[PDB]
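S.K.: mmCIF, C-alpha atoms and all ligand atoms, file my_file-v1.cif:
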data_run
loop_
_atom_site.group_PDB
_atom_site.id
_atom_site.type_symbol
_atom_site.label_atom_id
_atom_site.label_comp_id
_atom_site.auth_asym_id
_atom_site.auth_seq_id
_atom_site.Cartn_x
_atom_site.Cartn_y
_atom_site.Cartn_z
ATOM 1 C CA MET A 1 17.807 6.437 -8.398
ATOM 2 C CA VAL A 2 14.695 4.420 -9.225
ATOM 3 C CA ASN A 3 13.273 3.095 -5.942
ATOM 4 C CA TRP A 4 13.200 -0.562 -6.949
ATOM 5 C CA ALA A 5 12.779 -1.638 -3.314
ATOM 6 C CA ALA A 6 9.453 0.217 -3.274
ATOM 7 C CA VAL A 7 8.488 -1.271 -6.655
ATOM 8 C CA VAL A 8 9.245 -4.788 -5.405
ATOM 9 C CA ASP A 9 7.191 -4.173 -2.254
ATOM 10 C CA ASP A 10 4.234 -3.111 -4.428
ATOM 11 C CA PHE A 11 4.870 -6.098 -6.736
ATOM 12 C CA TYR A 12 4.547 -8.612 -3.903
ATOM 13 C CA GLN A 13 1.412 -6.859 -2.617
ATOM 14 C CA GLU A 14 -0.170 -7.180 -6.070
ATOM 15 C CA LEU A 15 1.080 -10.750 -6.623
ATOM 16 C CA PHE A 16 -0.214 -12.163 -3.348
ATOM 17 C CA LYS A 17 -3.452 -10.181 -3.482
ATOM 18 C CA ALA A 18 -4.245 -11.807 -6.824
ATOM 19 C CA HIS A 19 -2.712 -15.190 -6.009
ATOM 20 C CA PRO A 20 -2.529 -15.671 -2.231
ATOM 21 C CA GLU A 21 -1.577 -19.333 -2.642
ATOM 22 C CA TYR A 22 1.784 -18.330 -4.185
ATOM 23 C CA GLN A 23 2.792 -17.026 -0.743
ATOM 24 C CA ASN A 24 2.696 -20.592 0.659
ATOM 25 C CA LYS A 25 5.905 -21.394 -1.251
ATOM 26 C CA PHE A 26 7.916 -18.749 0.643
ATOM 27 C CA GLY A 27 9.446 -18.601 4.130
ATOM 28 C CA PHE A 28 6.912 -15.905 5.036
ATOM 29 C CA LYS A 29 3.949 -18.207 4.366
ATOM 30 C CA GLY A 30 0.903 -17.230 6.400
ATOM 31 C CA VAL A 31 2.034 -13.708 7.291
ATOM 32 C CA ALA A 32 -0.579 -10.966 6.792
ATOM 33 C CA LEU A 33 0.236 -9.033 3.606
ATOM 34 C CA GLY A 34 0.151 -5.698 5.400
ATOM 35 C CA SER A 35 2.885 -6.853 7.775
ATOM 36 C CA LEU A 36 5.381 -8.369 5.300
ATOM 37 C CA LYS A 37 7.892 -5.535 5.736
ATOM 38 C CA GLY A 38 8.361 -6.647 9.356
ATOM 39 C CA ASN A 39 9.076 -10.258 8.432
ATOM 40 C CA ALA A 40 12.696 -11.459 8.225
ATOM 41 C CA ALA A 41 12.138 -14.043 5.488
ATOM 42 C CA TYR A 42 10.360 -11.403 3.404
ATOM 43 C CA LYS A 43 13.119 -8.817 3.890
ATOM 44 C CA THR A 44 15.645 -11.286 2.488
ATOM 45 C CA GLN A 45 13.484 -12.349 -0.475
ATOM 46 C CA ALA A 46 12.538 -8.790 -1.423
ATOM 47 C CA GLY A 47 16.236 -7.862 -1.358
ATOM 48 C CA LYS A 48 17.063 -10.690 -3.773
ATOM 49 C CA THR A 49 14.245 -9.684 -6.151
ATOM 50 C CA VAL A 50 15.539 -6.112 -6.109
ATOM 51 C CA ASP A 51 19.039 -7.472 -6.763
ATOM 52 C CA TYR A 52 17.736 -9.486 -9.703
ATOM 53 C CA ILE A 53 16.031 -6.459 -11.271
ATOM 54 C CA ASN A 54 19.242 -4.462 -10.969
ATOM 55 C CA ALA A 55 21.155 -7.379 -12.486
ATOM 56 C CA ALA A 56 18.682 -7.633 -15.383
ATOM 57 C CA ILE A 57 19.023 -3.898 -16.040
ATOM 58 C CA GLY A 58 22.807 -4.038 -15.500
ATOM 59 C CA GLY A 59 23.251 -6.979 -17.858
ATOM 60 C CA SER A 60 24.582 -9.666 -15.531
ATOM 61 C CA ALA A 61 21.288 -11.476 -14.828
ATOM 62 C CA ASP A 62 21.251 -15.220 -15.415
ATOM 63 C CA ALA A 63 17.667 -15.582 -16.675
ATOM 64 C CA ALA A 64 18.181 -19.250 -17.516
ATOM 65 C CA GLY A 65 19.376 -19.886 -13.966
ATOM 66 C CA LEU A 66 16.470 -18.059 -12.370
ATOM 67 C CA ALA A 67 13.984 -19.879 -14.611
ATOM 68 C CA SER A 68 15.474 -23.265 -13.675
ATOM 69 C CA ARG A 69 15.387 -22.404 -9.969
ATOM 70 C CA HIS A 70 11.695 -21.480 -10.265
ATOM 71 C CA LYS A 71 10.970 -24.724 -12.087
ATOM 72 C CA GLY A 72 12.677 -26.284 -9.078
ATOM 73 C CA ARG A 73 9.827 -24.903 -6.949
ATOM 74 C CA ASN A 74 7.104 -25.937 -9.414
ATOM 75 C CA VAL A 75 6.790 -22.315 -10.548
ATOM 76 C CA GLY A 76 6.504 -21.986 -14.325
ATOM 77 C CA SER A 77 5.099 -20.088 -17.304
ATOM 78 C CA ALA A 78 1.599 -19.526 -15.962
ATOM 79 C CA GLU A 79 2.904 -18.026 -12.722
ATOM 80 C CA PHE A 80 5.366 -15.728 -14.502
ATOM 81 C CA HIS A 81 2.705 -14.523 -16.926
ATOM 82 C CA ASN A 82 0.620 -13.598 -13.874
ATOM 83 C CA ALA A 83 3.689 -11.949 -12.305
ATOM 84 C CA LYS A 84 4.217 -9.836 -15.421
ATOM 85 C CA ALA A 85 0.839 -8.179 -14.815
ATOM 86 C CA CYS A 86 1.524 -7.419 -11.151
ATOM 87 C CA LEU A 87 5.024 -6.076 -11.833
ATOM 88 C CA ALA A 88 3.707 -3.790 -14.580
ATOM 89 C CA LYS A 89 1.242 -2.294 -12.102
ATOM 90 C CA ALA A 90 3.991 -1.869 -9.505
ATOM 91 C CA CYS A 91 6.378 -0.174 -11.953
ATOM 92 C CA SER A 92 3.745 2.196 -13.287
ATOM 93 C CA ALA A 93 2.778 3.221 -9.742
ATOM 94 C CA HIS A 94 6.348 4.413 -9.143
ATOM 95 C CA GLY A 95 7.086 6.011 -12.509
ATOM 96 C CA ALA A 96 9.654 3.292 -13.155
ATOM 97 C CA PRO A 97 10.233 1.571 -16.500
ATOM 98 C CA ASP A 98 8.182 -1.547 -17.188
ATOM 99 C CA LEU A 99 10.137 -4.773 -16.689
ATOM 100 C CA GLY A 100 8.246 -6.918 -19.191
ATOM 101 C CA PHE A 101 11.403 -7.427 -21.258
ATOM 102 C CA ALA A 102 13.104 -8.956 -18.206
ATOM 103 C CA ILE A 103 10.187 -11.272 -17.453
ATOM 104 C CA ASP A 104 10.108 -12.300 -21.122
ATOM 105 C CA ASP A 105 13.786 -13.289 -20.826
ATOM 106 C CA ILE A 106 12.893 -15.594 -17.934
ATOM 107 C CA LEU A 107 9.822 -16.884 -19.780
ATOM 108 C CA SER A 108 12.043 -17.759 -22.756
ATOM 109 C CA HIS A 109 13.573 -20.502 -20.570
ATOM 110 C CA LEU A 110 10.277 -21.774 -19.091
HETATM 111 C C1 LIG B 1 8.911 -10.813 -11.578
HETATM 112 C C2 LIG B 1 8.862 -12.118 -11.311
HETATM 113 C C3 LIG B 1 9.873 -12.800 -10.355
HETATM 114 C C4 LIG B 1 11.149 -12.477 -10.061
HETATM 115 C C5 LIG B 1 12.036 -11.336 -10.630
HETATM 116 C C6 LIG B 1 11.627 -13.429 -9.084
HETATM 117 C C7 LIG B 1 12.901 -13.440 -8.544
HETATM 118 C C8 LIG B 1 13.376 -14.358 -7.628
HETATM 119 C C9 LIG B 1 14.721 -14.413 -7.086
HETATM 120 C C10 LIG B 1 15.867 -13.444 -7.459
HETATM 121 C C11 LIG B 1 14.781 -15.437 -6.230
HETATM 122 C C12 LIG B 1 16.012 -15.903 -5.426
HETATM 123 C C13 LIG B 1 16.699 -16.983 -6.262
HETATM 124 C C14 LIG B 1 18.002 -17.459 -5.659
HETATM 125 O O1 LIG B 1 18.230 -17.267 -4.438
HETATM 126 O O2 LIG B 1 18.826 -18.050 -6.406
HETATM 127 C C15 LIG B 1 13.473 -16.067 -6.196
HETATM 128 C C16 LIG B 1 13.117 -17.155 -5.426
HETATM 129 C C17 LIG B 1 11.856 -17.705 -5.333
HETATM 130 N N1 LIG B 1 10.736 -17.371 -6.100
HETATM 131 FE FE1 LIG B 1 10.644 -15.821 -7.401
HETATM 132 N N2 LIG B 1 10.592 -14.302 -8.786
HETATM 133 C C18 LIG B 1 9.497 -13.941 -9.549
HETATM 134 C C19 LIG B 1 8.263 -14.563 -9.570
HETATM 135 C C20 LIG B 1 7.862 -15.592 -8.749
HETATM 136 C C21 LIG B 1 6.520 -16.140 -8.657
HETATM 137 C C22 LIG B 1 5.284 -15.669 -9.466
HETATM 138 C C23 LIG B 1 6.536 -17.113 -7.747
HETATM 139 C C24 LIG B 1 5.292 -17.946 -7.346
HETATM 140 C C25 LIG B 1 5.294 -18.816 -6.327
HETATM 141 C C26 LIG B 1 7.893 -17.219 -7.227
HETATM 142 C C27 LIG B 1 8.358 -18.096 -6.275
HETATM 143 C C28 LIG B 1 9.627 -18.143 -5.740
HETATM 144 C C29 LIG B 1 10.012 -19.037 -4.680
HETATM 145 C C30 LIG B 1 9.127 -20.073 -3.963
HETATM 146 C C31 LIG B 1 11.482 -18.758 -4.412
HETATM 147 C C32 LIG B 1 12.366 -19.445 -3.355
HETATM 148 C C33 LIG B 1 12.176 -18.694 -2.049
HETATM 149 C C34 LIG B 1 12.977 -19.308 -0.934
HETATM 150 O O3 LIG B 1 14.129 -19.743 -1.181
HETATM 151 O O4 LIG B 1 12.464 -19.368 0.214
HETATM 152 N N3 LIG B 1 8.672 -16.279 -7.870
HETATM 153 N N4 LIG B 1 12.642 -15.383 -7.060
#
Please render this file's structure as structure tokens.
Ligand code: HEM

M.R.:
Amino acid sequence: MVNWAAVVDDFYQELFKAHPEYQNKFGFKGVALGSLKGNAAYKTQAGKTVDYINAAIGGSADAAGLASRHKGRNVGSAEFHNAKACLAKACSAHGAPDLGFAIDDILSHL
């Protein structure tokens, strides 16, 4: 199966490399990027992001709900447009399908 866990790991590396300040909103704030896999808060978050991708692909994803929850953290359209770029890089690096369509679904509610 597509190794979405590996894609998500690469996604967060790209996201926080380009926008380190985004990391301050998570429970793993301040942790060196190269050590995230050893951080408990990160393990949980990465698992949820993987779950969301599989839900988007599987058809059960609540894009409206995820958008609203991100708005609830002052994360909106600009951040998700930036995320689209990082996730595209991460997917391509693993020979996985691009997930732009899934991000666009979220963006449609932002
Ligand atoms: C591909 C883009 C993204 C996906 C698929 C995604 C997915 C998710 C998911 C599934 C959750 C858990 C929601 C829940 O528990 O109900 C979450 C939480 C969160 N997301 Fe994202 N996200 C994305 C982009 C971003 C970006 C760019 C930021 C920038 C700050 C961000 C900030 C957060 C924060 C702060 C939380 C809450 C974490 C916590 O509870 O400690 N997300 N995201």

S.K.: Mind listing the residues within 7 Å of ligand LIG 1 (chain B), only C-alpha atoms and all ligand atoms counted, as a VMD selection string?

M.R.: chain A and resid 22 to 23 25 to 27 45 48 to 49 51 to 53 66 69 to 70 73 75 79 to 80 82 to 84 87 103

S.K.: Translate the PyMOL selection byres (((chain A and resi 57) around 12) and not hetatm), as applied to the file shown, into an explicit residue set as a PyMOL selection string.

M.R.: chain A and resi 2+4+50-56+58-63+97-103+105

S.K.: I'd like the interatomic distance between atom CA of residue 46 of chain A and atom CA of residue 29 of chain A, to a tenth of an Å.

M.R.: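 Computing it gives 14.0 Å between the two atoms.
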
S.K.: One decimal, Å: what's the distance from atom CA of residue 90 of chain A over to atom CA of residue 10 of chain A, could you say?

M.R.: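 Atom CA of residue 90 of chain A sits 5.2 Å away from atom CA of residue 10 of chain A.
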
S.K.: Could you check how far atom CA of residue 14 of chain A sits from atom CA of residue 31 of chain A, in Å to one decimal?

M.R.: 15.0 Å

S.K.: Can you work out which one of A:106, A:38, A:85, A:1 has the shortest atom-to-atom distance to residue 68 of chain A, counting all atoms listed in the file?

M.R.: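 For residue 68 of chain A, the nearest of the candidates is A:106.
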
S.K.: Give as a ChimeraX atom specification the residues that the PyMOL selection byres (((chain A and resi 110) around 7) and not hetatm) matches when applied to the coordinates above.

M.R.: /A:67,76-77,106-109
